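Colleague: Pasting a structure below so you can have a look.
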Amino acid sequence: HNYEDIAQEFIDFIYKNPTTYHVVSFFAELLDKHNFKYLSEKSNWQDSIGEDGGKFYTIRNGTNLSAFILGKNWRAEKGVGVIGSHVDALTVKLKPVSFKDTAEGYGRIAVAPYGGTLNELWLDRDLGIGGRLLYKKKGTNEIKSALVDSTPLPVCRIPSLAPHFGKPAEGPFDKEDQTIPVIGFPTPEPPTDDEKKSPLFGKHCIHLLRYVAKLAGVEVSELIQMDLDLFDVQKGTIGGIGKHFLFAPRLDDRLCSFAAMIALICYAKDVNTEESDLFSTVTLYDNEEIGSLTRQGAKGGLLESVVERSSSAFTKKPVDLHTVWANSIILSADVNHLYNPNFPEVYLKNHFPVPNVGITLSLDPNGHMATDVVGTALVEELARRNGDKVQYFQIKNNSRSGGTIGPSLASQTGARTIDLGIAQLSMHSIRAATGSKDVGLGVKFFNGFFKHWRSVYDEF
Amino acid sequence: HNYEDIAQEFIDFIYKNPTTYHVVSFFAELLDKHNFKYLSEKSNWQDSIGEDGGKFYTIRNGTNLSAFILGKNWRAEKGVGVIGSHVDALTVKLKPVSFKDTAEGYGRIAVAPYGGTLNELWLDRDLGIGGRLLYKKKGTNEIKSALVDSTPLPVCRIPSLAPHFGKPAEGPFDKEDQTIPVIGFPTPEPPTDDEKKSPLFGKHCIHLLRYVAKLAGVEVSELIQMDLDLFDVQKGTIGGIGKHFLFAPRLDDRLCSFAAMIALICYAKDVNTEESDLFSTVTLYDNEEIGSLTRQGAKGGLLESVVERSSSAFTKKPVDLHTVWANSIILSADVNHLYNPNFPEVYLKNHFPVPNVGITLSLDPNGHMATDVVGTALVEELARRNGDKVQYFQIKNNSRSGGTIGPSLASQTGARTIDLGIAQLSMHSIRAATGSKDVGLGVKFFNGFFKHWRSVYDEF
Amino acid sequence: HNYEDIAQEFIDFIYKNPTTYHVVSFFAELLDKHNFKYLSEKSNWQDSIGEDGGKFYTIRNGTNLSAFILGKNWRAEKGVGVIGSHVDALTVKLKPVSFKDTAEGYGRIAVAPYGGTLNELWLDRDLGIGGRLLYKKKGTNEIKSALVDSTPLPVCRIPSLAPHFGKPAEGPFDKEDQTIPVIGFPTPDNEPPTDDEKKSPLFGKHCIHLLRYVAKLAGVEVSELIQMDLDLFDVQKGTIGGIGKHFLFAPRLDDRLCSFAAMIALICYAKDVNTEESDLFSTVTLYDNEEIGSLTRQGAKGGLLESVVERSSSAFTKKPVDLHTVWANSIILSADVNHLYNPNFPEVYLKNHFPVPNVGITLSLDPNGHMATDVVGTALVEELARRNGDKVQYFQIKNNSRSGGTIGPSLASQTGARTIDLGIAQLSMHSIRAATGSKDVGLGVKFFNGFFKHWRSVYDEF
Ligand SMILES: [Zn+2]
Ligand SMILES: [Zn+2]
Ligand SMILES: [Zn+2]
Ligand SMILES: [Zn+2]
Ligand SMILES: [Zn+2]
Ligand SMILES: [Zn+2]
């Protein structure tokens, strides 16, 4: 029943938080409810973090979050127990100017792919709109932001051409000229003088501006800018004749992000920082799907920043960060590939995971993963101590591998990093699948990590 | 308000009746409800239909239905007002033997495409299972039928391969080896001696047998055969930022079938068969998507059978069927193509329809449609009288045309036949779209047809 | 022993009746012997069929036959029990003008393929000639018909080119210029045409040697020959084969295998049927031209079956018969051979959906309209088999494969009756010499016999 319940919570989480902004906001609220104190990056933390340590979190760009627990008795030699995952997922972004003239009466919006989207899997899917709106209340100068979400209303859909037309209906399709979202077909109010005051007037259809303004509860004239996504509004579902699966969009990598954060929360419940000598954290990054080379991506170093700022404010004595990282363990948690029975030729025998068993170690000898022999032994020892099962995933020698933030974090910190994650089918599809038990199994494993990684690594 | 309500009824209709069997059963129930008397094809109608005529309907194969209204004062010269549509839709059929050995633990079922399915649009879609089961209660010899439907449970899904793997993940995909539905991943009850009594034991996984037996409320041993489909369980939805669209699966051709049937029922409410001099009917065919050459398809002649049997039982005097058909008008109602703004190059200027305007006339000079100059004039006159709008659809000279049952019905009866229908986007996709007002506009047009076609045709 | 005997009877049947004309003539003769009364299509049957019903058969074009048994107590609601098969088989037809000048002394005849013949399987095969001759006895105007058959003499052979010549000897070969039957190599001393022979409307259209030969076979004068429809076919007699005699090798199995099995079943069944007591209407209708689409008057689309049932029911009783009710209560078995699993091409056969030799009838299933078989029909055949102690196999194509067709969909659409496509499976369909199980002819007869005996009782359960 526990696994079923957490599976449902995950489904609701995915459904109610479609964009990276919503996901980060969701975790921030969860953290607040569990007494983690928010610290602003733009302020020095010397007086915010005392010698008793505590539970805190910070956010960068509204899409990069780091939650951490610092014990009163922590010292550099104890290192840091880290779980890094990414909260961005393949999606479709409205262009800076999404406005398009009507085509034979059809209303459409100009968009661009974020990652490998706008392909055949994105055709004929109900797409909602949502994201971040920047506005300036009339009469003021302060710029504020609001999050909007059309769910359950699918405002647009990219229409496939009927096969009846022949060759023109065969893919692949041009992402600029053919995979364009259709948003409506209006029939014969004109822009008001006040609406025309918006810096966005003309850059987006007045109907769209009025719609998002209404969702945010502000005036069109107050809209300053926006960063909106188009996403599948179909709610996730437990599937399979025996209910062995969970079908849902954007699993990569909110599946691991969710599991890691919930594990951190469950773990934190029994941790009193006044009697703890550990430093634990779950850091969630944006932009992994586009290379991670952005200030809000893994290469932006929020993790390193949090550890340095915290250790500096924490004690009056200098902290040797090189010693800290040398004694740390970073779990780069990113979903990997579940065996797909219909494509046996691309999976390496003895090196593929199956549903509802446990976390999957990502192994690669050519640098695609940071996992090493010691890290592998550590995870397997951990699992043995906690009653967890560990699976493997490595590509066939004649295949190719995707990447993760693992190597970046390992190189940037110098800390042993282990790439692993909850395996899923159809990675990067608009609607993927994993085991109905995998969310709970993932939480269990990550919870065990925070509880016992230090004692286990001591044996090495 | 009426348009919004009928649009919602249509959505519910599609969702609650996934297979052709369900659709026919739905209409039969609706007809019983509106006082149409069911007549079995296996019995002579001489003592079921008399001088007073009345409202009746019959069914063939459980997938071919004909509803008709015969007035006491009808005569051969009055002809027959007909609307013919098809109730079969592209789907996926379980094979005679759907059993497949588990593959690395994964449960899969052997299926075959009905029409052009099992393509990329069918990948990563939540698929439910349903259809007709034939069973024989223990200790008896009688064979009975039962309809089952897993909705909302999606028992399977055809998993796309992650793009990370390269070329192997690029379509098109083999319909036999790559697009196979995954139904589960079982963990370690063995078949019982009684379950093995089923003629289907071994032909389908015992898990699937137990599941459909449970849905039908019968024992596994009692199952002797089945005709099941796999279909999208995502309920339809009104979409577009201005709610101008309706997104739903299996629109072709249940959209016209529903509109025509509802129009008949609305029309019948005010028809007094004791006074009426008309003979009206809506006949729904199976197998249009596979050529119509089956006994339950248009070429099977149920329409002609209904008219001959009815006219024979109706009066003691001989009825000249050639005169009947010479004075008849057949509307071959099959969905046609809405202009898709992203593929302007395949639509003929001045010969394409748009959403929420009205019925679309299907025109073709090379025999793909039966529509002629007189039929076109008749529909346009009919529309002018009822306050309906009429659109056009014809292919570009350098394009390709789909087909309909139109030419078959016209040739088989000798009656002037007009091909038309409610236009839709993405015909044959697993999830298509049409205007949110189009179901209502369609009903309005067809209602007008039954009411005024005789008076209009008289002018010619 | 019974299976072995019937297997031999089948082999003899195939060997002694090479063309569609011979096959129909063979069955007509068998029906006559078993007291089935012949009825001409050209005369009204009102006075030929009485209320006592009876056993009859009719023929159209000499290549389309329908045999039926009508019970005195039959009524529309009882429907009709039908087995439909085709008697035409892939062959080679002499052209309207088969004459060809000698080539370096070689005599050849101009021919055309009927279906997919004249390929590599037809090369280096001993070919006999036979078929229908139309003639008019000297001094008269009446046109008569005669059937001829050169068997065992193979008058023709299409010679493969020795591989020594290289590329030119590699197929495929042009059906008009390369696959031409060689009929002889004459020498001076074949006499010149006599004045009487030149009187034949066929003189000049076919070499005099051929005209004299077929005239001799028929027992008429060359001058009396007016027209002809002749085939070239393999004269190699069928044989029981396999180290354990598990197989039967023979030409033209598609679809004379099912046609023979169905007719024998009908005759065996008819032996115990007394029309004075019976309330059934049973028939085996054999069609021509299935191999070319069936759209001819003698093919399935020509409607001989529908005609027989309408004409019979009309002559049978004074009361009106509702044909729609008749067909709604009927079951049609479209019996056409399907594919036996070929172990050397496992990649084209669908797992769990292919038949093997010597087991039983094979149900032909297809979800895209190639077969008329449906869920109720499948259940009916399986129930029917369980009752008669017959085994039922399955055949359906892989999703990425291709399917052939049958007359099934045509018969179902034309009548409106539930139709089931099935048949005796064979290897190498459309080859000049195919193969099936040595027990399959017998198993087929057994199944079809069971169909006529119990289909009505079984269909009642639905
Ligand atoms: Zn990814
Ligand atoms: Zn990822
Ligand atoms: Zn269609
Ligand atoms: Zn259609
Ligand atoms: Zn054939
Ligand atoms: Zn055949």
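In the structure tokens, chains take the letters A, B, ... in the order shown, each chain's residues start at 1, and ligands count up from 1 in the order shown.
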Ligand 4: which residues are within 12 Å, counting only C-alpha atoms and all ligand atoms, as a count of residues only?
Modeller: 47
Colleague: Can you list, as a PyMOL selection string, every protein, DNA or RNA residue that comes within 12 Å of residue 15 of chain A when you count only C-alpha atoms, leaving out same-chain residues fewer than 4 positions away?
Modeller: chain A and resi 8-11+19+22-23+26+128+149-152+231-237+247-251+254+431
Colleague: Please provide as a ChimeraX atom specification all residues within 10 Å of residue 172 of chain C, with the sequence filter that same-chain residues fewer than 5 positions apart are discarded (counting only C-alpha atoms).
Modeller: /C:119-120,178
Colleague: How would the residues just picked look written out with C-alpha atoms as a PDB file, in the first residue's frame?
Modeller:
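Writing done, so here's again_1.pdb:
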```
ATOM      1  CA  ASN C 119       8.432 -19.078 -64.712  1.00  0.00           C
ATOM      2  CA  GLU C 120      11.440 -21.160 -63.732  1.00  0.00           C
ATOM      3  CA  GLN C 178      12.000 -16.874 -73.749  1.00  0.00           C
TER       4      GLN C 178
END
```
Colleague: All residues within 7 Å of ligand 5 are required, counting only C-alpha atoms and all ligand atoms; please report them as a list in words.
Modeller: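 Every residue with an atom at most 7 Å from ligand 5 is listed here: residues 89, 254, 255, 291, 429 and 430 of chain C.
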Colleague: Within 7 Å of chain A, which residues belong to chain B? Use only C-alpha atoms and report them as an MDAnalysis selection string.
Modeller: chainID B and resid 103 106 120:121 124 153:156 159:162 164:165 177:178 180 183:185 239:242 244 341:343 399:402 425:428 431:432
Colleague: Once you count only C-alpha atoms, which residues of chain B turn out to be within 7 Å of chain C? Could you give them as number ranges by chain?
Modeller: B: 41-44, 97, 112, 114-115, 141-144, 174-176, 224-227, 290, 293-295, 299-300, 305
Colleague: Can I get the selected residues back with N, CA, C and O atoms, as a compact mmCIF listing (two decimals), in the first residue's frame?
Modeller:
```txt
# COMPACT_ATOMS: atom_id res chain seq x y z
N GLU B 41 -32.57 -10.71 -38.34
CA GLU B 41 -32.37 -11.04 -39.75
C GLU B 41 -32.71 -12.49 -40.04
O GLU B 41 -33.05 -12.84 -41.17
N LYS B 42 -32.60 -13.34 -39.02
CA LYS B 42 -32.85 -14.76 -39.20
C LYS B 42 -34.32 -15.18 -39.28
O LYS B 42 -34.61 -16.36 -39.46
N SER B 43 -35.23 -14.22 -39.15
CA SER B 43 -36.66 -14.52 -39.23
C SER B 43 -37.34 -13.67 -40.30
O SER B 43 -36.97 -12.52 -40.51
N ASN B 44 -38.34 -14.23 -40.97
CA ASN B 44 -39.06 -13.50 -41.98
C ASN B 44 -39.84 -12.38 -41.28
O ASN B 44 -40.46 -12.60 -40.24
N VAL B 97 -4.26 -16.41 -31.75
CA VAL B 97 -3.46 -16.92 -30.64
C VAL B 97 -2.61 -15.72 -30.25
O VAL B 97 -1.69 -15.35 -30.98
N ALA B 112 -2.44 -7.76 -34.39
CA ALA B 112 -2.35 -7.44 -35.80
C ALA B 112 -3.07 -6.12 -36.05
O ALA B 112 -4.03 -5.78 -35.35
N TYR B 114 -5.57 -3.44 -37.78
CA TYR B 114 -6.83 -3.41 -38.51
C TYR B 114 -6.74 -2.03 -39.16
O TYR B 114 -6.96 -1.02 -38.50
N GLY B 115 -6.40 -2.00 -40.44
CA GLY B 115 -6.22 -0.72 -41.10
C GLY B 115 -4.77 -0.31 -40.85
O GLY B 115 -3.98 -1.11 -40.35
N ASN B 141 -25.03 -26.24 -23.93
CA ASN B 141 -24.50 -26.22 -25.28
C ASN B 141 -24.67 -24.86 -25.95
O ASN B 141 -24.06 -24.58 -26.98
N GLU B 142 -25.52 -24.01 -25.36
CA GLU B 142 -25.79 -22.69 -25.91
C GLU B 142 -24.57 -21.77 -25.91
O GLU B 142 -23.83 -21.70 -24.93
N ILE B 143 -24.36 -21.07 -27.02
CA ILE B 143 -23.24 -20.15 -27.14
C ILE B 143 -23.80 -18.75 -26.95
O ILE B 143 -24.77 -18.37 -27.61
N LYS B 144 -23.20 -17.98 -26.04
CA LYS B 144 -23.65 -16.62 -25.79
C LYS B 144 -22.52 -15.63 -26.01
O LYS B 144 -21.35 -16.00 -26.05
N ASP B 174 8.86 -2.15 -37.78
CA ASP B 174 8.26 -3.39 -38.25
C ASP B 174 7.02 -3.69 -37.39
O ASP B 174 7.12 -3.75 -36.16
N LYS B 175 5.88 -3.88 -38.04
CA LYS B 175 4.62 -4.13 -37.32
C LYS B 175 4.52 -5.50 -36.65
O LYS B 175 3.67 -5.71 -35.78
N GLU B 176 5.39 -6.43 -37.05
CA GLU B 176 5.37 -7.76 -36.47
C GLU B 176 6.40 -7.94 -35.36
O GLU B 176 6.12 -8.55 -34.32
N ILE B 224 -14.99 -19.66 -25.21
CA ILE B 224 -14.69 -20.48 -26.38
C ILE B 224 -14.04 -19.69 -27.52
O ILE B 224 -13.37 -20.28 -28.38
N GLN B 225 -14.23 -18.38 -27.53
CA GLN B 225 -13.62 -17.52 -28.56
C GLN B 225 -13.77 -16.04 -28.22
O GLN B 225 -14.57 -15.66 -27.37
N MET B 226 -12.98 -15.21 -28.88
CA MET B 226 -13.05 -13.78 -28.65
C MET B 226 -12.51 -12.96 -29.81
O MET B 226 -11.67 -13.43 -30.57
N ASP B 227 -13.03 -11.75 -29.93
CA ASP B 227 -12.64 -10.80 -30.96
C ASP B 227 -12.40 -9.51 -30.20
O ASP B 227 -13.31 -8.71 -30.00
N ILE B 290 -11.33 -1.65 -44.45
CA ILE B 290 -10.64 -2.74 -45.13
C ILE B 290 -11.23 -3.07 -46.51
O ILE B 290 -11.01 -4.16 -47.03
N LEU B 293 -15.72 -5.21 -48.62
CA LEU B 293 -16.14 -6.46 -49.24
C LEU B 293 -16.27 -7.59 -48.22
O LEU B 293 -15.47 -8.54 -48.21
N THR B 294 -17.27 -7.47 -47.35
CA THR B 294 -17.57 -8.48 -46.34
C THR B 294 -19.09 -8.43 -46.21
O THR B 294 -19.72 -7.48 -46.68
N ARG B 295 -19.69 -9.43 -45.57
CA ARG B 295 -21.15 -9.42 -45.45
C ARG B 295 -21.64 -8.29 -44.55
O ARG B 295 -22.78 -7.84 -44.68
N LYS B 299 -20.77 -3.50 -49.14
CA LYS B 299 -21.00 -4.38 -50.27
C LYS B 299 -21.82 -5.60 -49.87
O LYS B 299 -22.27 -6.37 -50.73
N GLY B 300 -22.02 -5.77 -48.56
CA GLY B 300 -22.80 -6.88 -48.03
C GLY B 300 -24.29 -6.68 -48.25
O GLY B 300 -25.09 -7.60 -48.05
N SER B 305 -31.29 -5.08 -48.42
CA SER B 305 -32.06 -6.14 -47.77
C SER B 305 -33.21 -5.55 -46.96
O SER B 305 -34.35 -5.99 -47.07
```
